[PDB]
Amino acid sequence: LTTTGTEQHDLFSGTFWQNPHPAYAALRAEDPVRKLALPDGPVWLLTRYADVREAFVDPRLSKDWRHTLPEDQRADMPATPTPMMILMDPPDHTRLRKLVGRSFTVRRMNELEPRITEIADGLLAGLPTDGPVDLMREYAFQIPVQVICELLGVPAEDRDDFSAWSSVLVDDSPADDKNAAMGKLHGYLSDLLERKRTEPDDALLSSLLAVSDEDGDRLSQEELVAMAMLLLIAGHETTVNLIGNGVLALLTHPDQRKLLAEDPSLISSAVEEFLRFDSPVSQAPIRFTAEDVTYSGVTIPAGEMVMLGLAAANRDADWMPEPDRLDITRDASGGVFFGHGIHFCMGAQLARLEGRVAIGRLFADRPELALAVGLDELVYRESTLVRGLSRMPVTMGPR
């Protein structure tokens, strides 16, 4: 629907998709705990930073879908549709992350910088010198999935096929295409595991197979494929939009772009602001209420679905002073863009690394980069959990 009073802004419909921020601010001020009638049913939205951050660590906001279901029917059901950690609660979540963390290390993420810088340069060389091009499809879409390929150790021949299948999930609409692309990804990854079981290498897939703890416990076929699938889902579309929204932020702010060109080393700090200013994960994945929770005088009953407004919260003036202004020189301190608590983005370090390499190399390579269309001529994807551009037409300019 829409907001109410003073002046009303569209929600998850119409004008919302071009700029959801005026709508986000109205909610924060007038209506911060709101049951929203969506296509996929009724979900609650928390928009105030303080509530969002609290909700993240509150155990009463569970990742278990069974909390919607009555008492006597929960014994029947699995805790998860697939054994992914983002859908799991403690202590099951604790064991899974502990075991994957033995392979998906901050070191391994950081070790990819040379391989990341290669992928970026390869696409930059493949972009035209003269004339307009689509920066989303021809650059922004391509970096993350190829980083994910290097991570998992997907064969070089099949990398372009892998890239295409994942892009169908990122893409706007068709559902059957999204359901079948999942199918041949899940097929390819499961197939790949067994090939790495007899021919191992230095890549993450082969690394995850051999993982043990103190007790001698490991990962089975189910969990390994589910982790592979999650790494791709949670790390492709999300990273694409950090690159996308971040480049947009610079092109639509001539002052800040001057600051970065005159001082390239600001890029690490710049990424941090792009994540706060225009958060690619607009709302966090669904949480379910185990018991009744109260926020801003509104009680969400037990069994309801809750989304945490990350993009909204990151512009709360109670947290951040002058929060609508883009300042790359800022100090992040507690941006809920990577989440907060037990579920905090497990690939967050890879995400920042890809963020600085993609955005930093591009503006170095193409200093006279410009938008090819007006800001109101830009089209965003109409998806709940994402803020992101379907296309970004840019002129590369001379030199």
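A residue's number is simply how far along the shown sequence it sits, counting from 1.
Regarding 274-282 and 134-142, which shows the higher C-alpha temperature factor on average in the entry?
Taking the mean C-alpha B-factor of 274-282 and of 134-142, the larger value falls to 134-142.
So, looking at the entry's B-factor column for Cα atoms, which has the higher mean, 183-191 or 243-251?
Between 183-191 and 243-251, it is 183-191.
Maximum C-alpha temperature factor, selected from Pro128, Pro323, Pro114, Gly297:
In this record, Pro128 carries the highest C-alpha B-factor of the candidates.
Of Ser268, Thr238, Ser207, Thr289, which one's C-alpha B factor is largest in the deposited record?
Out of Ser268, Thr238, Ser207, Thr289, the record gives the largest C-alpha B-factor to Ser207.
In terms of the chain's CA B-factor thirds, is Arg102 lowest, middle or highest?
Middle third, going by the recorded CA B-factors of the chain.
Give the position of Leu353 by CA B-factor within its chain, expressed as the lowest, middle or highest third.
As the PDB entry reports it, the C-alpha B-factor of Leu353 lands in the lowest third of its chain.
Pull the Cα B-factor of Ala23 out of the PDB entry and bin it into the chain's lowest, middle or highest third.
Middle third - that is where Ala23 ends up once the chain's C-alpha B-factors are sorted.
When the modelled residues of the chain are sorted by Cα temperature factor, does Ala55 land in the lowest, middle or highest third?
Lowest third.
C-alpha B factor of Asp121, ranked within the chain: lowest, middle or highest third?
Ranked within chain, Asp121 CA B lands in the middle tercile.
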